[PDB]
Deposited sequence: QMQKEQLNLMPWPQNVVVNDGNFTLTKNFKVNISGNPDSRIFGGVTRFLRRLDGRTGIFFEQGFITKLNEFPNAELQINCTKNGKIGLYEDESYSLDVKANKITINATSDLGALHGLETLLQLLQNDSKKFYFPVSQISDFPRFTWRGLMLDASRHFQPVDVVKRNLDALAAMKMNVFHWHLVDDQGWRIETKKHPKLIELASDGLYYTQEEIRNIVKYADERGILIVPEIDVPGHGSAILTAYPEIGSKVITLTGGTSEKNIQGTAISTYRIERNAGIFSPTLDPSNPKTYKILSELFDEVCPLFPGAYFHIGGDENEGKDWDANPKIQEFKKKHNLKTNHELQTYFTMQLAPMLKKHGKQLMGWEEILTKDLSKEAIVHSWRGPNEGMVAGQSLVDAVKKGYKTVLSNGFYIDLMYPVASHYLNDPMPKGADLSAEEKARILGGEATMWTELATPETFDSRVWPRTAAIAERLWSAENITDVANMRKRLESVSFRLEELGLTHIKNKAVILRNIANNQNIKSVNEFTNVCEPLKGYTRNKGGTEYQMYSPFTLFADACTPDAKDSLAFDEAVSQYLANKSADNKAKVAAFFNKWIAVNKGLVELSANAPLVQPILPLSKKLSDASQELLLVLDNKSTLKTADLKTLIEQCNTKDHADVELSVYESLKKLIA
């Protein structure tokens, strides 16, 4: 009897139907595995069972699942026809049939089966006493084969625990690529015995060991996820060149502590540049069994190359007119090195000029922030014959609203793309750059917006209803906590800190109408926060799509469409709430200096709120211009590196 609309599935599967009846979860529940899956199925099914029991408190009979055919008559049957392989273009499909007395997952391989377990967890329903799954059939497959997250380990190092729990969350959202950005101006993160200066002098002692790398590779593979390592060259060179100044381009270098674009760049005319990289690949490539190796290539601004007559001579010698042509030549010297290791080369879009091999994968990243049209570099690459991954429009570090990411589609509008051109669009990847995210705040930035991205990368192109997505995301986000994700819980840590461990109610309520400044406006010029600055302040507790701002927006829209007393009260209750919040924050501040920065903002919201209560009763006597100004105070960006995201709805009310 329940409506499909009540299911909180994400990604929304390709095919879904619900019918009368339920499967009831009891202490009899057991799982069986049949066919010929890869052994990764066993840990996956064990974890599934642990997670289901964590949610239900049943105390299932089974402990570790390790063999096929453990329980031929079990209530959950999982059938895999063959062994899955880690990589692109694998058959990731499955079907999930819930009947009144038995649940069946069928998949081409363990890959699909692991996906089906995630759908089955999302299907769990309950009443006041019991848990159940609705009788139903789901059949499913991904829209795109490359569905990724990039983790920047350079800006702020992200320890093994962060990486492991994020691999779990990727799996939970049916994401299958983890792109590991392991070097940038702010540090080198790969243990290297052949080139120990990179650890000694370019890491601060923060890095992944080779063994930890191998073990993370295995942890990902167990969970169906490919790792794509990145050594970004020849731009972003500050840390490499701290170790090896002799291959720099400037006619000296240090680990960079600020954010931004820097000048240190490897010298493509120096044979030593190529020898050192070749030796790096010999040591690093065997750690990563995936077929793809990302060599970066973003943001070389070219100034040291332009000034260096030796480089200018090299350009002339090779008939290379532009720095990008020189950088493609450089990249093409790396290609056979990677080929010797069995790897295909991938790079940020700047690598694409005429002589780039069509075997290279182009990582499309530039858009309006860079003066370009969103997606255009992708259109251009696939029309020229390159397989491409889209990250533009998925820059989750910039703290944009979830809808901006959810609606960003790897397949361009227009383009009159051929089918062959369409098939070169591998997928998409959210990019978590870490200038402004510590291990503590990382998850709060990645999740839950990356779950909405996961839906765009897996689900049908026409799954685009933002309100519906939001409704489903709430439970998705919640259930990620069982994997150790910190997005909700670490916020309370920060709030306790700011409030000197007084009652955090008011400061928590105030976060729910505040959002960190977006784009490149929090860390202005890159010099306001260093890579060792404290991220334990109010902006670090705030996220986009602030819960009470979204609720207030909805209340205000409903009200303005039908100005009923019930709808008006729903609005007015926010205002009374915010007046109380402000008083609570002033009280807290008497023993908490870290509340000081937000007091001007809560005062402005409280002042507006007070007047808007009179507006709603047509009892306000401020002059139009003074009412406009009062509300305008709430659009200030000057306090605590956050903004009030109720401002637009305050403006809609004042007429």
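Residues of the deposited sequence lacking C-alpha coordinates, counted from 1, fall in a single stretch, 252-269.
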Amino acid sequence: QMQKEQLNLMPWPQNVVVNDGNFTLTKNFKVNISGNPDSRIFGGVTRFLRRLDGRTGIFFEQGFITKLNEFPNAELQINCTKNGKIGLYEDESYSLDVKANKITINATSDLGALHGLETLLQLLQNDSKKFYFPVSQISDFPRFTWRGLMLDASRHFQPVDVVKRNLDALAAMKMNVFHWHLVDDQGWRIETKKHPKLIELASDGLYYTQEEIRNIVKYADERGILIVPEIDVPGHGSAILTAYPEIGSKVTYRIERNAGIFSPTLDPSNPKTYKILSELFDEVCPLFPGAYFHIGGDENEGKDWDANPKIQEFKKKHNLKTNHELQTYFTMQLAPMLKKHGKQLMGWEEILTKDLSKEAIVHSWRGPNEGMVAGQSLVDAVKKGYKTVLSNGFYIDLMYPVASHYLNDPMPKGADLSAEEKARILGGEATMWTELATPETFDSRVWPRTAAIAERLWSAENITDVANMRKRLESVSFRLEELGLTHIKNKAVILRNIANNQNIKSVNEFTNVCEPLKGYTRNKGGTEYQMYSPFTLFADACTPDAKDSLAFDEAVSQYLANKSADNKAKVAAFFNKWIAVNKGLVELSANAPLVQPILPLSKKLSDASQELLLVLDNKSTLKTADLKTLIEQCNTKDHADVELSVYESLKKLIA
From here on, numbers count along this sequence of modelled residues.
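Annotation for 520-528 versus 353-361: the higher mean temperature factor (C-alpha) is found in 353-361. A summary of the deposited B-factors shows that, of 458-466 and 176-184, the stretch with the larger mean C-alpha value is 458-466.
Of the candidates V31, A625, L52, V595, it is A625 whose Cα B-factor is highest according to the PDB record. Note on the listed residues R165, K250, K99, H156: the highest Cα temperature factor in the record is that of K250. Among all modelled residues in this chain, the alpha-carbon of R47 has a temperature factor (C-alpha) in the lowest third.
Ranked within its chain, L25 lands in the middle third, by CA B factor from the PDB record. Among all modelled residues in its chain, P534 ranks in the lowest third by Cα B-factor. Ranked by C-alpha B-factor against the other modelled residues of its chain, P264 falls in the middle third. Among all modelled residues in this chain, the alpha-carbon of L644 has a temperature factor (C-alpha) in the middle third.
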